[PDB]
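For any residue, its number in the deposited numbering is found by taking its place in the sequence shown, counting from 1, and adding 103.
All C-beta atoms, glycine included, are put in the ideal place defined by N, C-alpha and C.
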Amino acid sequence: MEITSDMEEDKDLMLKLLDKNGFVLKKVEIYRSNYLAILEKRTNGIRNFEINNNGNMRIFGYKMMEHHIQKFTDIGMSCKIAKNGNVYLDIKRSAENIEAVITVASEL
Numbered sequence: 104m105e106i107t108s109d110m111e112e113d114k115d116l117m118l119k120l121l122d123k124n125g126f127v128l129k130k131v132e133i134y135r136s137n138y139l140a141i142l143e144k145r146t147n148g149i150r151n152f153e154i155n156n157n158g159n160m161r162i163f164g165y166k167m168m169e170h171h172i173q174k175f176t177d178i179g180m181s182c183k184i185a186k187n188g189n190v191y192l193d194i195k196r197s198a199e200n201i202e203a204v205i206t207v208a209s210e211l
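Printed below as a string of structure tokens:
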């Protein structure tokens, strides 16, 4: 795996905020050099929060509510809804964005 120091720092912040807001994690994986925080208790369609080596923080979900998606795009996240209903929300990694993203996910 090729995990950078920035990724570790970003993942640490992500985990800190996920714990703060009561998101229960089954585990965190390092897969294809990406960090995946896998939710044990899926909420509002969200399956995992990710810190990817491509520079983005991503939310992987399934059949999320449109008005929920709107709150994420409202803070700068890009969104792609697949034919199967899977939703991919992306935004560039930064302390500010990680904080903003988790805050929104917590107020859903």
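Does DSSP classify residue 110 as helix, strand or coil?
-> In this structure, residue 110 counts as helix in the three-state DSSP scheme.
With 16 as the cutoff for other CB atoms within 10 Å, does residue 222 come out buried or exposed?
-> In the structure as shown, the chain begins at 104 and stops at 211. Residue 222 is therefore absent and cannot be evaluated.
Would you decide whether residue 190 is buried or exposed? Buried here means 16 or more other CB atoms lie within 10 Å of its CB.
-> Taking all protein chains in view, the Cβ of residue 190 is crowded by 16 or more other Cβ atoms within 10 Å, so the residue is classified as buried.
Beta-carbon proximity list for residue 160, same chain, < 8 angstroms, skipping 5 on both sides = So the qualifying residues of the chain are 113, 117, 152, 153, 154, 193, 194, 195, 196, 200, 201, 204.
Take the Cβ of residue 162 as the centre, count every other Cβ of all protein chains shown within 10 Å, and call the residue buried at 16 or more, exposed below.
-> By the neighbour-count rule (16 or more Cβ atoms within 10 Å), residue 162 is buried.
Which residues in the same chain have their Cβ closer than 7 angstroms to the Cβ of residue 121, if we skip the five residues on either side of it in sequence?
-> Same-chain partners within the cutoff: 128, 140, 152, 205.
Secondary structure at residue 136, three-state DSSP: helix, strand or coil?
-> Coil.
Beta-carbon proximity of residue 181 to residue 156, cut-off 8 angstroms = Their beta carbons are not under 8 angstroms apart, which means residue 181 does not touch residue 156 by this criterion.
Enumerated in chain order, which unbroken segments of the alpha helix (DSSP H) with a length of 4 residues or greater are wholly contained in the region 137-192?
-> Every unbroken stretch of the alpha helix (DSSP H) spanning 4 or more residues and falling wholly within the region 137-192 is given here in chain order: 169-176.
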